[PDB]
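Here's the letter readout for the chains.
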Amino acid sequence: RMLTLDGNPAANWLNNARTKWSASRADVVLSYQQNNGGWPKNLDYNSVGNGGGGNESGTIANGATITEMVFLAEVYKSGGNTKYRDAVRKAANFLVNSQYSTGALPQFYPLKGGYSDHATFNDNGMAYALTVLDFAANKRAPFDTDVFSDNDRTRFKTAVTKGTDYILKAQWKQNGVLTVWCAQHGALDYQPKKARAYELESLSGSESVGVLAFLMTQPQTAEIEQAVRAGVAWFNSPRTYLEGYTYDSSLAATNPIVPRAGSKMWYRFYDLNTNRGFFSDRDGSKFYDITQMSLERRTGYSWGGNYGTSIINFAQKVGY
Ligand SMILES: O=C(O)[C@H]1O[C@H](O[C@@H]2[C@H](O)[C@@H](O)[C@@H](O[C@@H]3[C@H](O)[C@@H](O)[C@@H](O)O[C@@H]3C(=O)O)O[C@@H]2C(=O)O)[C@H](O)[C@@H](O)[C@H]1O
Ligand SMILES: [Ca+2]
């Protein structure tokens, strides 16, 4: 009931994160870890100066925490310096502490109020956090050192199970048909939620890839295979993707959605009920013609992309 990890987009993310920066930057990465064990925000460890730790909320926004901990785990594996092992231990403790009883992972922790409290798939936050904890649970590199004990691994396995349970319950039923996920759901009510003003309740063409990838690392029970099949069917349906089109971000001044032979496009946001791709703006509005959007949002955010390609090709590979 296990699928290969070869080609799994989440596994790929994680193995890349192991070597994301130069090893020489391990100390600057480390210098930003908050006391609670999470990182205060996403950072370019190639341009910034040294941090001074801190006591702010940790976050999984934009790859924060989950990237740093995979990277430091590799550095520890490679170099042996225990301060990096300790950092990784606090990061994983941070992740499990952040988890609600339902299995949901918030974007910021300690909780800050507002949308950050929600179960956050945005930026592959929750799916990739669970992928990290799962690799740690299963002694997979770079977590195949002494960084964790048997009891740690049981702790993480419990976390992954609860997170899996959350994903399965949150998966959206579109007029009776299992589909995908919103970029954020209520931690306690499982309902799709808004985030920032231009991020409305919807199916996420972006984050659902990562969610499916994460499920595909899990043992494929009947209900997990159904969920992955249903999710994959949704990505691969002519009611979901635009045919003969691509998203070209360099053309966002007026319209990034352009005719392109041999190409499919997926919307960033799909209507929960009609599966109509849509657009928003800083006024919280919802509309279907990207040219009506403010210049700043059309160029400042991706309203579509090649999202489905990687999960569809992967599902093919494994016989789904
Ligand atoms: O499509 C994307 O996900 C988008 O991500 C980045 O940009 C988004 C956003 O569009 C930006 O305006 C910027 O947002 C501001 C702050 O940086 C952020 O902390 C948050 O509070 O929202 C602020 C805002 O509303 O403007 O950064 C956002 C982010 O990092 O998620 C990329 O820069 C963008 O090119 C695209 O990939
Ligand atoms: Ca983002």
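Residues numbered from 1 in each chain as written, not as in the entry; some residues may be left out. Chains lettered and ligands numbered in written order. Heavy atoms only, no water.

Determination of this PDB entry was carried out by X-ray crystallography to a resolution of 2.05 Å, according to the record.

Naming follows the PDB entry, where the protein appears as PECTATE LYASE of Cellvibrio cellulosa.

Within this structure, the stated rule accounts for 17 salt bridges. When the shortest N-O distance is used, the salt bridge between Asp-146 and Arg-85 registers 3.5 Å. In this pair, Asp-146 sits in the loop between α5 (125-137) and α6 (150-170) while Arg-85 sits in helix α4 (residues 82-98), placing the two residues 61 residues apart along the sequence. A relative accessible area of 42% means that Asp-146 is categorised as partly exposed. Between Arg-89 and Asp-86 there is a salt bridge whose closest N-O contact spans 3.9 Å. A residue pair is termed a helical-turn pair when its members lie 3 or 4 positions apart in one helix, as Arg-89 and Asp-86 do in helix α4 at 3 residues. Residue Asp-86 is classed as partly exposed on the basis of its relative accessible area of 33%. Each of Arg-85, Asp-86, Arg-89 and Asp-146 takes part in a single network of salt bridges with overlapping partners. (Salt bridge = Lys/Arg side-chain N within 4 Å of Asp/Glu carboxyl O. Helix = DSSP H or I, 4+ residues; strand = E, 2+ residues; numbered from the N terminus. Buried < 20%, exposed > 50% of the residue type's maximum accessible area, 1.4 Å probe, protein only.)

Every residue close to ligand 1 is listed here: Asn-62, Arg-196, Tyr-198, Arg-268, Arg-282, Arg-297, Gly-300, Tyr-301 and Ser-302. Taking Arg-297, its side chain carries an N or O atom lying 2.7 Å from an oxygen atom of ligand 1. One of the backbone N or O atoms of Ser-302 is found 3.0 Å from an oxygen atom in ligand 1. Coverage of ligand 1 by the protein chains reaches 50% of its 660 Å² of free accessible surface. Classifying every residue of the shell around ligand 1 by side-chain character gives 2 nonpolar, 3 polar and 4 charged. (Near = heavy atom within 4 Å. Polar contact = N/O pair within 3.5 Å; in protein donor to acceptor, adjacent residues only side chain to side chain. Areas by Shrake-Rupley, 256 points an atom, 1.4 Å probe, with all protein chains shown as cover. Nonpolar A, V, L, I, M, F, W, Y, C, P; charged D, E, K, R; others polar.)

Strands pair in a sheet through their backbones, by hydrogen bonds, and they do so in one of two ways: parallel or antiparallel. The 3 strands are arranged β8-β9-β11 in an open sheet whose pairing can be described as antiparallel. Strands at the two margins of the open sheet, each flanked by one partner only, are β8 (242-247) and β11 (304-305). Where strand β9 (residues 257-267) and β11 come together, 2 bridges link them in antiparallel fashion. When the bridges of β11 are listed, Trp-266 appears paired with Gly-305. (Pairing = 2+ DSSP bridges.)

Right, let's get into the packing of aromatic side chains. When we look at a pair of aromatic rings, we describe it by the centre distance and by the angle of the planes. Evaluation of the coordinates by the stated rule reveals 21 aromatic pairs. Judged by centre distance (5.9 Å) and plane angle (65°), the ring pair of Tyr-241 and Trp-266 falls under edge-to-face. Residue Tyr-241 is located in the loop between α8 (222-235) and β8, and its partner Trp-266 is located in strand β9; the two are separated by 25 residues in the primary sequence. Each member of the pair, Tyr-241 as well as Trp-266, is classed as buried. The ring of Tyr-288 carries the charged tip of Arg-276 above its face, separated from the ring centre by 3.7 Å. (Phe/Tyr/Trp six-rings, centres within 6.5 Å; stacked < 30°, edge-to-face > 60°. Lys NZ or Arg CZ within 6 Å of the ring centre and 35° of its normal.)

Another point: the nonpolar core. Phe-143 and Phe-235 are the most contacted members of the largest nonpolar core, which has 96 residues in total. Among the elements that make up this core, the one with the highest residue count is α5 (10 residues). Apart from residues lying up to four places away in sequence, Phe-143 is in contact with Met-69, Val-70, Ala-73, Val-88, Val-132, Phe-135, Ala-136 and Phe-148. (Core = buried A, V, L, I, M, F, W, Y, C linked by side-chain atoms within 4.5 Å. Contact = heavy atoms within 4.5 Å.)

Moving on: the packing of α6 against helix α7 (residues 207-215). At their nearest, the axes of α6 and α7 sit 11 Å apart, and the two run at 130° to each other. Considered as vectors, α6 and α7 are oriented oblique to each other. Note on packing geometry: the crossing formed by α6 with α7 is left-handed. On α7, the residues touching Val-160, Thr-164, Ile-167 and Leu-168 of α6 are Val-211, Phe-214 and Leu-215. The residue makeup of the contact of α6 with α7, split by class, is 6 nonpolar, 1 polar and no charged. (Axes fitted to C-alpha atoms, helices over the stretch in contact; angles between N-to-C directions. Parallel < 35°, antiparallel > 145°, perpendicular 65-115°, else oblique. Left-handed = near helix turned anticlockwise from the far one by under 90°.)

This part is about unusual backbone geometry. Here the amide bond leading from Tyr-109 into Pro-110 is cis, since omega sits at -5°, within 30 degrees of zero. With respect to the helices and strands, the residue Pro-110 is situated in the loop between β2 (108-109) and β3 (119-120). Omega for the bond connecting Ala-141 with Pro-142 falls within 30 degrees of zero, at 5°, which places this linkage in the cis form. Take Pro-142: it is sitting in the loop between α5 and α6.

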